[PDB]
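Residue numbers (the deposited numbering), protein chains in the order written: chain A, 3 to 282, 287 to 319, 324 to 679; chain A', 3 to 282, 287 to 319, 324 to 679. A prime marks a further copy of an entry chain. Reading through the structure tokens given below for one structure.
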């Protein structure tokens, strides 16, 4: 009772929306099967007020829900016969005229778990299940969540409370919330999780030692029952820090042995350990080694056990416009294609910079046919409102996933790159930086729950529309009142564009306060060593990334996209300032001058934020008071901060451009 | 051997610079007298290689140094007869033709302590003491040091290591460094010290309780022997935090009683407790009370014991140019003149903003004839280089001290205001924010030792020239080689102007990175709620603080100075942008346009910094290698950072003004 059930409400149905079932046939007794049966019992009891008896053999005359794998079937029907994916499943209603039977057939126990959550999802959404014929197989092998939780309880870039894993440099004593968290993750198909910050500090470095492994294993045991593999972010300098060795050089014989022994030790506690997430003071480059050498060493240590190495892909001068941070990732990793071991997967952010409200797609996707790749997206809203401002990230992620790289001609969308189909990747997928914390509503902003849900849905099937994902989430979280559904869906679907409207313009990004990264500060990092510049001056703004006159970044894309961005007239408006430096008077495809566009979206974005609040207020009475006010409080905070964003950006550019707002709206001198 | 002796080196003299003394006549046995005798023995042994016998009665045929007060004299000569100040003293060589005798006569034991340090200073400097006739009396009653030390060991705005007082929320075990620190403070006449941060956190709030008072008293005992009174910064909400009371309202009967009891308890441990330093979550205004009501309540609690209350004198909008943070202090306190109790002293910073490289004098000085006032200066270089960049603060402090407020016509300089002579203040003086830390050289930058020394010297006598103070410090710290003395003195004397040259221009201040406040960031706080704006736009820069068209801040000064700043043509260049908003093309008294002035001082300031380094390098061999390299390392760090300051500021203003450098020097686009 300390936290919300999020989208797994299982609200009691009226007398006209019940189902008649007397038994649940559980064909297996595995740990996963016990959790799945429990979940099914929980949902049916809560929603239908029924308590079917769990049995292991079907009763020919009872209405039942059958749970099992192909191997448990008496007759293997054609549909489930086409399943090839281990986590896939089939759900079909028996077509006989006798007892009502629902068959949930999974290729493996994991498949049954996801099938049962799909079945429950159908019930929460009020779907007619009299004649089901469903087949589902996830597109991404890895559907992972990265936690930036520290063991002192803090969470790097965490805006939803303290960690639910650690406290006072120890694991929390009560694991009930970890179980409920596992349930939420599994309901949306998430099958992997790294429980600690990628920036591994002193105490966290010890997670790979006997001192903490027992607690790590207890947590992994919980996730295992929900089909989730556990990973740990590691400190590359561990051999020195805790091993006593004089070096961390991946080529040093003893360092290689140390990691092999460490791997062996971990698997003694966690037989199905997922592997290591790596952000590499000492490191590969510290010894003149490349990423392949550094990643392959860890890969070799985990190989005998089936573990994976997730290798995630800073003192540059603002004075030199020839150097471009956006080009770094590609320039550093592309040349390494083909040198990585099979169990190494390069983790690349959606964009080449750092999770800005809008960034073009990282050129690395589609550029390394011989190297597994998985995309990293940020669920926690570091540069997208920090859960103060509403920002449904699903539409943005779909734009990235559907981006055609043309790597192998038309039809080489990012999603085909990371789902492994385009290049036959053995291991690949997508990862998301957790947006949860100890807050009772899990995500700080009640509506941010939609981003966690949505992440899982896209990870399972990138082809799902933003519209249906929002619909599913709203209906399960707030009910089916058509006004509530339409209003909240509209809020979610338009939120990202609204936030972008009053923040950084036309894809140039940043313009945020340094450090905490919250709020407007146009020149915040403009003269820093982070390579994040907009180069705004009294005549124009933008980064010239063209080959003709700029950094040449455009050439990292394949011909079709390179030419699109390379040209000043074809470059889409939404990314113009990321690719070209232009005069304030330059006219966009929309007809607006760059400067007037800035004023327009900032004034209008605030008005759109006020509308978000107005529409929510009109739902009062149709939502419980607690959550109604929890969200209203944040929408009001959003409106007020949006005003600051608007005025600071408008004033900065009026002071620099000297050009007034076409409509004479209020710009403070 | 863990730290430097700073200016109390007492270097061994050659055979041609010795003194013949067989006895030290100590007329008293007080704790202070034991320390003074010890100091005299230390200096004479170290410098002269002599060990005179300490006696209590003069030996008619022995060469001796006589120590005592008027009361101990056989014959009271006219000079010491004119002494009126308790801390004053006279030093005179006997004019007889028999044994050589030096008489150090203090009005009180404290006077003898300062007289002995003056005598030792004469010896270190190689002065002829055969015919001394000296009389000295300090101008300021309060010559205090404020520590911003936290009990966890950190020091707010501390750039010279960790605190030498606290560690792990406890007092340090070894007090030898506290004793040596007391010696340094006393050598320059400092007679008061607040040992904890003005921002009192949780643990520090307990310093006024039995839990810590024993340790506080042990520290106070040490300072007492060196003529230093101990103060504690307090948490105004203490009645709630540790008292259990439901309020902190200074008018609440119980709150008034709580503080009276707290005072009584402290004096039981520290009979000569100096009092409280106060920076006032709950506070006077929290209950609708004014500063007088809040300060008088604490004053009444300390009154029966002779204690003093040092009352030190944030969400404004950048959009409203009518509101001016510079006017706040004066507007809030002036109206309260005459309502404060006698033992309350208002502590006002040298400037109305926040220790910027250059700020005009706080109008409060000379504006409250009925209220004791003491000026606060910052020795730690928060906005003046953070001991990375050299910055001898003495010249700046003299400009403030010598500023004529004309409060009572010509001759109403700030120094006469704070020394209490102008308004007959019973308690007043000056305070400095400590620049020391656990670093072996005490101040981070070896040469920053000069700022602590210089602070004390000015506190004693504001009339001392920057030149002689530097001379004294250099000679005692580095010897009398004429090249060393001339070179280091030049470095110190020109350092402030050099740093100002490449930082904020013409008195507008700031332009520093937010948070740590180190380094260039022109718009760092430009759109913040701190009221620190320069309003630079594509046409000009500056804050209009005139009465005619601006905030009206100029009217806070008396007529003579108000008119000077009010006028665009008479306003001195060095403060122009603090008082007027002007076009980049405006011509200064120097003939430079405002924009060209910016380029000039920034390019030239870096060249001046390189010269500081070059001149120091030429001293190699004349300074021990340790300190030679300690300083060279910092001068090189200064040169490199100065280049960043230069380029960032020049680029920002070229990008905004569009006006090129007259001399075509390198400005990055």
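Just so you know, even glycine gets a beta-carbon here, dropped at the ideal spot from N, CA and C.
Minimum Cβ-Cβ distance from residue i to chain A less than 9 Å
i: residue 89 of chain A'; result: no
i: residue 47 of chain A'; result: no
i: residue 170 of chain A'; result: no
i: residue 546 of chain A'; result: yes
i: residue 543 of chain A'; result: no
i: residue 515 of chain A'; result: no
i: residue 164 of chain A'; result: no
i: residue 615 of chain A'; result: no
i: residue 334 of chain A'; result: no
i: residue 368 of chain A'; result: no
i: residue 328 of chain A'; result: yes
Sub-9 Å separation of residue i and residue j beta-carbons
i: residue 487 of chain A'; j: residue 460 of chain A'; result: yes
i: residue 335 of chain A'; j: residue 373 of chain A'; result: no
i: residue 589 of chain A; j: residue 576 of chain A; result: yes
i: residue 440 of chain A'; j: residue 215 of chain A'; result: no
i: residue 189 of chain A; j: residue 119 of chain A; result: yes
i: residue 162 of chain A'; j: residue 394 of chain A'; result: no
i: residue 516 of chain A'; j: residue 604 of chain A'; result: yes
i: residue 400 of chain A; j: residue 628 of chain A; result: no
i: residue 553 of chain A; j: residue 560 of chain A; result: yes
i: residue 182 of chain A; j: residue 168 of chain A; result: no
i: residue 67 of chain A; j: residue 103 of chain A; result: yes
i: residue 267 of chain A'; j: residue 210 of chain A'; result: yes
Closer than 9 Å to chain A' by CB, residue i
i: residue 254 of chain A; result: no
i: residue 567 of chain A; result: no
i: residue 593 of chain A; result: no
i: residue 665 of chain A; result: yes
i: residue 161 of chain A; result: no
i: residue 536 of chain A; result: yes
i: residue 562 of chain A; result: no
i: residue 657 of chain A; result: yes
i: residue 532 of chain A; result: yes
i: residue 540 of chain A; result: no
Spatial distance of residue i from residue j (CA atoms)
i: residue 445 of chain A; j: residue 387 of chain A; result: 11 Å
i: residue 544 of chain A'; j: residue 522 of chain A; result: 20 Å
i: residue 478 of chain A'; j: residue 204 of chain A'; result: 44 Å
i: residue 29 of chain A; j: residue 293 of chain A; result: 55 Å
i: residue 231 of chain A'; j: residue 338 of chain A; result: 60 Å
i: residue 306 of chain A; j: residue 317 of chain A; result: 14 Å
i: residue 594 of chain A; j: residue 613 of chain A; result: 18 Å
i: residue 484 of chain A; j: residue 44 of chain A; result: 21 Å
i: residue 592 of chain A'; j: residue 385 of chain A'; result: 31 Å
i: residue 3 of chain A; j: residue 10 of chain A; result: 14 Å
i: residue 357 of chain A'; j: residue 383 of chain A'; result: 6 Å
i: residue 574 of chain A; j: residue 532 of chain A; result: 28 Å
Closer than 8 Å: residue i CB and nearest the ligand SAM heavy atom
i: residue 10 of chain A'; result: In terms of ligand content, the structure shown is empty, and the ligand SAM therefore cannot be addressed.
For residue i, the residue or residues it bridges with in DSSP
i: residue 283 of chain A'; result: Chain A' lacks the residues between 282 and 287, and residue 283 of chain A' is one of those with no coordinates.
i: residue 593 of chain A'; result: A':550
i: residue 157 of chain A; result: A:151
Presumed contact (8 Å Cβ cut-off) between residue i and residue j, rounded CB distance
i: residue 390 of chain A'; j: residue 347 of chain A'; result: Actually they are not in contact, since the Cβ atoms of residue 390 of chain A' and residue 347 of chain A' sit about 31 Å apart, beyond 8 Å.
i: residue 494 of chain A; j: residue 659 of chain A; result: In fact, because the Cβ distance is near 34 Å, the residues do not count as touching under 8 Å.
i: residue 654 of chain A'; j: residue 529 of chain A'; result: 7 Å
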